[PDB]
2 protein chains.
Amino acid sequence: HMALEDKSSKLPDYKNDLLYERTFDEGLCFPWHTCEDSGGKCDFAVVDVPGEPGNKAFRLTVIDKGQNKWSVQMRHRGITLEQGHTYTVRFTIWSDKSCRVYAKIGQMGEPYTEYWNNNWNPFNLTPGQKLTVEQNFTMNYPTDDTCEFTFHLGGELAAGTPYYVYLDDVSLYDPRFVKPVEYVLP
Amino acid sequence: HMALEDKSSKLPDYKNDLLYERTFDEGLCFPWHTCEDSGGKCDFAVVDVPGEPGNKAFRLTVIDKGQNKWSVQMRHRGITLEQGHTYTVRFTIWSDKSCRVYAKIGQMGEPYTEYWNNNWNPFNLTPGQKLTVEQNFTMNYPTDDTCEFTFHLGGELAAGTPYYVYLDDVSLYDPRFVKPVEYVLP
Ligand SMILES: [Ca+2]
Ligand SMILES: [Ca+2]
């Protein structure tokens, strides 16, 4: 189905982004979705950012933290990391409670090799503090088309349930990547 | 419909082409279609080009010449010629009989202004002879979004019916034109 380019002034060119939705400002989040596993429970909506007309954010409700950090996630699959390419990972996240969020890009399936993960450190969210992250890394492993960009929220990362975690302005940029185009008329 | 880019080593860049189908090599022709008018009858199909593995071409069967040159046509609509732009018209045409083909890019409706038309001359097709045309013209009239690239085959142009006219490698290139792109997700 048909995806939506954005022309955000604070992100790199959409055409070189491996992600298909970055700003949620149309109320749409696809291909971003949630996962429940091992007892986790969650919901999602795209919602207005208070004080910032026009601006909307992806909002995950953590309902049950389940049995593991990976019991609750928000993710974007369909990611190939290319040997030799240098990626810029970018995102704004916040929460209405004190919680942790483990961000990673890595294999969807076993053995779940992690290609990026903020050097094994989750991010500490604090109410009233938004975190805008920007990091680079270079894929030194063989090219891997089975990757996802995922945030784990469950288990010992979780605050008291239920609560909200927000994502916005999310980008995985590669200067040597261009999305496949299709042409339409019109 | 979604359109399929080609990367012909003989045509200019697909993204700069006002035409959505140029090589026919997949078995598909859309938006190239036929028209029958004032007595004309015809058919079409995409068929293999004998002796040239993997090459296909649009084939028009002229069934009945009708009353006018315009009674039988093969044509691509959805063409905006823009004032001051310079357009390269390209095409390869041939037939199993001696006939004439009138090629033009002009208005779809009354008054049928013709912006390019090989200086009012139809092309003379002879069996065993393929014609590859390449001409430039600049659009000196005001931009007109009601144009088509049409080939007339009826009336006094026509050979003894039925017979086939073939079209291949068609392109209408403008260096200052870029097709709009949609993004689709693999
Ligand atoms: Ca937003
Ligand atoms: Ca062909």
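Quick note on labels: first sequence line is chain A, next is B, and so on, each numbered from 1.
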**Q.** B:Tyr166: ring pair (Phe, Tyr, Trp, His ring centres under 6.0 Å) partners, not counting sequence neighbours
**A.** B:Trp94
Q. Is atom OH of B:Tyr164 surrounded by more than 12 heavy atoms (other residues, nucleotides or ligands) closer than 6.0 Å?
A. no
Q: Can you measure from CG (B:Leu19) to CG (A:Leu185) and round to the nearest 0.5 angstrom?
A: 11.5 Å
Q. Are more than 12 heavy atoms from other residues, nucleotides or ligands located less than 6.0 Å from atom CD of A:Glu156?
A. no
Q: Kindly indicate whether the side chain of B:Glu5, heavy atoms from C-beta on, has any atom under 4.5 Å from the side chain of A:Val181.
A: yes
Q) Taking only residues two or more places apart in sequence, or in another chain, which ones meet B:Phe177 in a ring pair (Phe, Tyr, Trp, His ring centres under 6.0 Å)? A) none
Q: Measure the spacing between OH of B:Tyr183 and CD of A:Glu182 and express it to the nearest 0.5 Å.
A: 12.0 Å
